[PDB]
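Take a look at the structure below.
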Amino acid sequence: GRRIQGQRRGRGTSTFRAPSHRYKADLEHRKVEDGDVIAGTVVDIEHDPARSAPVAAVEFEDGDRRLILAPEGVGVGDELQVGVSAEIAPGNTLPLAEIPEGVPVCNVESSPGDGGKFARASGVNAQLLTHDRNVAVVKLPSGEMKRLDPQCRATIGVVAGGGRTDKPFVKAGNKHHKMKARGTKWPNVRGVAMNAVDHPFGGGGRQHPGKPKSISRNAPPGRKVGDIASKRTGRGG
Amino acid sequence: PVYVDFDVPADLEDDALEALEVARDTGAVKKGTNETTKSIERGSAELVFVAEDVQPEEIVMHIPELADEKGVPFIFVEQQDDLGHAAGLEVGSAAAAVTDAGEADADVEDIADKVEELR
Amino acid sequence: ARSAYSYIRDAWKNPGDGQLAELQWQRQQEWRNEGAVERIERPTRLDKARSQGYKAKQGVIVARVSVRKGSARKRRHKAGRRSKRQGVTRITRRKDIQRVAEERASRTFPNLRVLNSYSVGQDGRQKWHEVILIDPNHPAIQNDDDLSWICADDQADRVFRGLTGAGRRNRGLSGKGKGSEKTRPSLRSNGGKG
Amino acid sequence: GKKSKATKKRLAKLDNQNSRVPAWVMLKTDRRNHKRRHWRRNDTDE
RNA sequence: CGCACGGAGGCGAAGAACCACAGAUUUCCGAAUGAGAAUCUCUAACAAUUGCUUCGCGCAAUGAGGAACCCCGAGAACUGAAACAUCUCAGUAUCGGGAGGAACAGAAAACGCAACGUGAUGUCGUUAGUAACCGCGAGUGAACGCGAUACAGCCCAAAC
RNA sequence: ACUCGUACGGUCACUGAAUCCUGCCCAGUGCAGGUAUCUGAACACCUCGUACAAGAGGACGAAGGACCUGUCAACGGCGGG
RNA sequence: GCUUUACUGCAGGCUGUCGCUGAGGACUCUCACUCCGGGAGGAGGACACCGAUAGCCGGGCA
Ligand SMILES: [Cl-]
Ligand SMILES: [Cl-]
Ligand SMILES: [Cl-]
Ligand SMILES: [K+]
Ligand SMILES: [Mg+2]
Ligand SMILES: [Mg+2]
Ligand SMILES: [Mg+2]
Ligand SMILES: [Mg+2]
Ligand SMILES: [Mg+2]
Ligand SMILES: [Mg+2]
Ligand SMILES: [Mg+2]
Ligand SMILES: [Mg+2]
Ligand SMILES: [Mg+2]
Ligand SMILES: [Mg+2]
Ligand SMILES: [Mg+2]
Ligand SMILES: [Mg+2]
Ligand SMILES: [Mg+2]
Ligand SMILES: [Mg+2]
Ligand SMILES: [Mg+2]
Ligand SMILES: [Mg+2]
Ligand SMILES: [Mg+2]
Ligand SMILES: [Mg+2]
Ligand SMILES: [Mg+2]
Ligand code: NA
Ligand code: NA
Ligand code: NA
Ligand code: NA
Ligand code: NA
Ligand code: NA
Ligand code: NA
Ligand code: NA
Ligand code: NA
Ligand code: NA
Ligand code: NA
Ligand SMILES: [Sr+2]
Ligand SMILES: [Sr+2]
Ligand SMILES: [Sr+2]
Ligand SMILES: [Sr+2]
Ligand SMILES: [Sr+2]
Ligand SMILES: [Sr+2]
Ligand SMILES: [Sr+2]
Ligand SMILES: [Sr+2]
Ligand SMILES: [Sr+2]
Numbered sequence: 001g002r003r004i005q006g007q008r009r010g011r012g013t014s015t016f017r018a019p020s021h022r023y024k025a026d027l028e029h030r031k032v033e034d035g036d037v038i039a040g041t042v043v044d045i046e047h048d049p050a051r052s053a054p055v056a057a058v059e060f061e062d063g064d065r066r067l068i069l070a071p072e073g074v075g076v077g078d079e080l081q082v083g084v085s086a087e088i089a090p091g092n093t094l095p096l097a098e099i100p101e102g103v104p105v106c107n108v109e110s111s112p113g114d115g116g117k118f119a120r121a122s123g124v125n126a127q128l129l130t131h132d133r134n135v136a137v138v139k140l141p142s143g144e145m146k147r148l149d150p151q152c153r154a155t156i157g158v159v160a161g162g163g164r165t166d167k168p169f170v171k172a173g174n175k176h177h178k179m180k181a182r183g184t185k186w187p188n189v190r191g192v193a194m195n196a197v198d199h200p201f202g203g204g205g206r207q208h209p210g211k212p213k214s215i216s217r218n219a220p221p222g223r224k225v226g227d228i229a230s231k232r233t234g235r236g237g
Numbered sequence: 001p002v003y004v005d006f007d008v009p010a011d012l013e014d015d016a017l018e019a020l021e022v023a024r025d026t027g028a029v030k031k032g033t034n035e036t037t038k039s040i041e042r043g044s045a046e047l048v049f050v051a052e053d054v055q056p057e058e059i060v061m062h063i064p065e066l067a068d069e070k071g072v073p074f075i076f077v078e079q080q081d082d083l084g085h086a087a088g089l090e091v092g093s094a095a096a097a098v099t100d101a102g103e104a105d106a107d108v109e110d111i112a113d114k115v116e117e118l119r
Numbered sequence: 001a002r003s004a005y006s007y008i009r010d011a012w013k014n015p016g017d018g019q020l021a022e023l024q025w026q027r028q029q030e031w032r033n034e035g036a037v038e039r040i041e042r043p044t045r046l047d048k049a050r051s052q053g054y055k056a057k058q059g060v061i062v063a064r065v066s067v068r069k070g071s072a073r074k075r076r077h078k079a080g081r082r083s084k085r086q087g088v089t090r091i092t093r094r095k096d097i098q099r100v101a102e103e104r105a106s107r108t109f110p111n112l113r114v115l116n117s118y119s120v121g122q123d124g125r126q127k128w129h130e131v132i133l134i135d136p137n138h139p140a141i142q143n144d145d146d147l148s149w150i151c152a153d154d155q156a157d158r159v160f161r162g163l164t165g166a167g168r169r170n171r172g173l174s175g176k177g178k179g180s181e182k183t184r185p186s187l188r189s190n191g192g193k194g
Numbered sequence: 001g002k003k004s005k006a007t008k009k010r011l012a013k014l015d016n017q018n019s020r021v022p023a024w025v026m027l028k029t030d031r035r036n037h038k039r040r041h042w043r044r045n046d047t048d049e
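Protein chains in written order, with the deposited numbering: chain A, 1 to 237; chain F, 1 to 119; chain M, 1 to 194; chain 2, 1 to 31, 35 to 49.
Here it is as structure tokens:
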């Protein structure tokens, strides 16, 4: 047949790419040697085209203008501290060791000094639970207990822009606009509505899949469609 | 480095290179790794010199183990160009050998003894 | 008596034993962080270099080349092919890694001509070969009774035409009798059946 | 369309090539411009 | 005073025309090399990669072309098998790299008419559709030797 | 590439606004988890064999399979008497 | 051209084994190698990646 849509994706053509040239900043944490004497004042609160959540413009003590991931409640004029012995205030970045247990945290690092990987979407938060000299157990937004290094930096508080998923898109045009700002080809034509040549579920006199939808993990790209390695399907049982 | 099992002090090296300069003007010396190796094999070697900055380490690699099974004493020199100048050459030398010393026999004897004590 | 050279030779008979084992473990760490073709002042294997034709003279260059390990890096057929010609994984190239090395070297040095090459080891993913290259234009060679043959017009780009020893060995030209019916005088003359 | 200096020299040449075979060549050879190009009917390069 | 038999005019015995060899000139783009560009332009140029090196582009090399031939790599399918998969078409077509006026080969870790024999290598004739291969199907297919052509044998590494 | 992205994400599919709802079936097929036991290739190892080799047999045994379980808004099924 | 539990194969995924690969049937380590860090240094670690081979799945493709 012909290569399926998921195969055209990896080629990285214009249609499947993200409008990077229209994106503001790659939100990473500031690189401090040691100490704490790094503080800044929030100049502006901007809209980030990349994640739909707001982003805070901060100017530091050493005169560095960089955008940072905005938590809830952080406004213009406010002072945020970054360092080891930073004040345990919402919006401050300090390693997981220094942050007390049972406190909601965002922009958590994987390997210490990477700039933040986990809990970065609108209104989400990671929960810090257990402490040790070796490990800091953080409960990520998916409900998974991630065992992390205590030297991994994290910003205190939940991410701003919460409850975005609550209000519906209502009309196709609103989805259109959102998708034109992301790295996604939209709209989605069902495989079952295509020809046999185009997709494993294409063909027939009526629209139904050919074989069962639950595909094996070992399936090759071109065949791996539908329910990928499903442990189960349905709602009941 | 791989063939070096002991660090020779700067003072002991100064004595050794001084003894080599008077070994050419009185007795006789061998210049070059090939001529050093043949001297250890023919038994006509009293004291053998080997440089520490030899790249590749292969050229000189064999001297420490060969001298041990032939009873010939050896000493390490840090630089290659200094051993060449000491043997009386414009170029450098990876290894030099003293084939029968001359009016330095008493100095060479003590240098051979200072090295054995340094293991 | 034994030459000093014979000791470098005897060491390289077993590159995984003795002092050389430690020397390779150390040197390869620096080599892996070097380029594809790296010119070096002095050969790692002096005996082999001299045996192959190297002289510590002007216009005699040596370079280390790293080429990847394994079979062919081949693309699968995008058109109709019968079962026999549908292979990708088990296909190997007709030129050995030593020859790929010699060629990469001669291209980095468009004025020089390949004299010979030799293996200097491998790790789990790449192989290293040092190539002796000669300057046909330098008078230090044009007057050398041992190396002036390489200055002839017909020796131009000799590696790409398989005129190297590694070339002639890979072309199946070693044997003078039985088994070399389709190799001598050339593979092309024998309809490419070698 | 905007023409360059080289493009102009070429168009200038093509216009000159479009002139008739002089009256005297007919008398010298004792008896046709095969490269007759029209602005509408024919087509130039570029 | 070309093709080219016009008109006007001119050149040649100061030996023109014409032919041979040699030299002068030889715009721009072009490997195209100071940088850019649909043959033009902008402000000293071996651009790039190398060798030597006075370590300065100072001295050099490479690049691209050529009817086919030559050498080194990549490598089909139609087709034949009365289907077809191994096989065949075929190491063919086509593609990548490269040299020369010819290429390649070449002075035995050969042959093995087994000998008390031959004596570098190509090529030609033959050996022979033989040996060998093969859904042992269709098909595929040498060599040693022999007769010729032409002949030519040497240099390193190491020992000292 | 997704990605100046990080689960309020984005990938892969199905259904097709709202409203009222969405029953029963895991035997087959698919996917996934488990598995005492059975089955499960090559390397190495052991036996025979061969002055060596081919080769024959054994031992151990991965994924997978057998077997068990989960799953139908997974393929689909919902009859005869 | 297209389909599949048609024939035969080819990619791909999973898995064992050999090489890279090191010190002291379960375990410790650090020196190769990998990743994070601008750096100091940190995480991981003889595994993973890669090369090779074997078994299973394999209309994704011929
Ligand atoms: Cl969305
Ligand atoms: Cl060459
Ligand atoms: Cl004979
Ligand atoms: K065929
Ligand atoms: Mg970022
Ligand atoms: Mg939605
Ligand atoms: Mg778009
Ligand atoms: Mg749709
Ligand atoms: Mg349709
Ligand atoms: Mg299909
Ligand atoms: Mg429908
Ligand atoms: Mg339907
Ligand atoms: Mg066919
Ligand atoms: Mg020929
Ligand atoms: Mg006009
Ligand atoms: Mg230019
Ligand atoms: Mg047919
Ligand atoms: Mg038949
Ligand atoms: Mg054939
Ligand atoms: Mg024969
Ligand atoms: Mg519809
Ligand atoms: Mg990296
Ligand atoms: Mg098919
Ligand atoms: Na060259
Ligand atoms: Na063959
Ligand atoms: Na026109
Ligand atoms: Na001319
Ligand atoms: Na030039
Ligand atoms: Na220069
Ligand atoms: Na037929
Ligand atoms: Na047919
Ligand atoms: Na066959
Ligand atoms: Na069922
Ligand atoms: Na058709
Ligand atoms: Sr970074
Ligand atoms: Sr980041
Ligand atoms: Sr269908
Ligand atoms: Sr239900
Ligand atoms: Sr030197
Ligand atoms: Sr050339
Ligand atoms: Sr027209
Ligand atoms: Sr002859
Ligand atoms: Sr079932």
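We put the CB at the ideal spot given by N, CA and C, even for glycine.
Contacts of residue i in chain M (Cβ-Cβ under 7 Å)
i             : result
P56 (chain F) : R42 and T44
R42 (chain F) : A1
Beta carbon proximity, residue i to chain M, threshold 8 Å
i             : result
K30 (chain F) : no
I75 (chain F) : no
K70 (chain F) : no
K38 (chain F) : yes
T33 (chain F) : yes
Within chain M, the residues that residue i reaches when beta carbons sit closer than 9 Å
i             : result
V2 (chain F)  : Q19, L20, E22, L23 and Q26
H85 (chain F) : Within 9 Å Cβ-Cβ: nothing; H85 (chain F) doesn't reach chain M, min ~19 Å.
Proximity below 8 Å, CB of residue i to CB of residue j
i                     : j              : result
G35 (chain A)         : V105 (chain A) : no
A95 (chain F)         : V50 (chain F)  : yes
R45 (chain M)         : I8 (chain M)   : yes
residue 243 (chain A) : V225 (chain A) : Since the first residue shown for chain A is 1 and the last is 237, residue 243 (chain A) is missing from the structure and cannot be characterised.
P90 (chain A)         : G157 (chain A) : yes
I68 (chain A)         : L27 (chain A)  : yes
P64 (chain F)         : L47 (chain F)  : no
Short CB-CB distance (under 8 Å) between residue i and chain F
i              : result
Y118 (chain M) : no
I132 (chain M) : no
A4 (chain M)   : yes
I8 (chain M)   : yes
Under 9 Å from the C-beta of residue i: neighbouring residues of chain F
i             : result
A11 (chain M) : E58, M61 and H62
Alpha-carbon to alpha-carbon, residue j and residue i
i              : j              : result
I91 (chain M)  : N218 (chain A) : 24 Å
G203 (chain A) : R107 (chain M) : 54 Å
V197 (chain A) : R76 (chain M)  : 20 Å
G194 (chain M) : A21 (chain M)  : 38 Å
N18 (chain 2)  : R73 (chain M)  : 59 Å
(message) Beta carbons nearer than 7 Å to chain M: which residues of the segment 91 to 105 of chain F have them?
(response) none
(message) At a CB distance below 8 Å, what residues from the segment 54 to 70 of chain M approach chain F? Give them in sequence order.
(response) Taking a C-beta cut-off of 8 Å against chain F, none of the residues of the segment 54 to 70 of chain M qualify.
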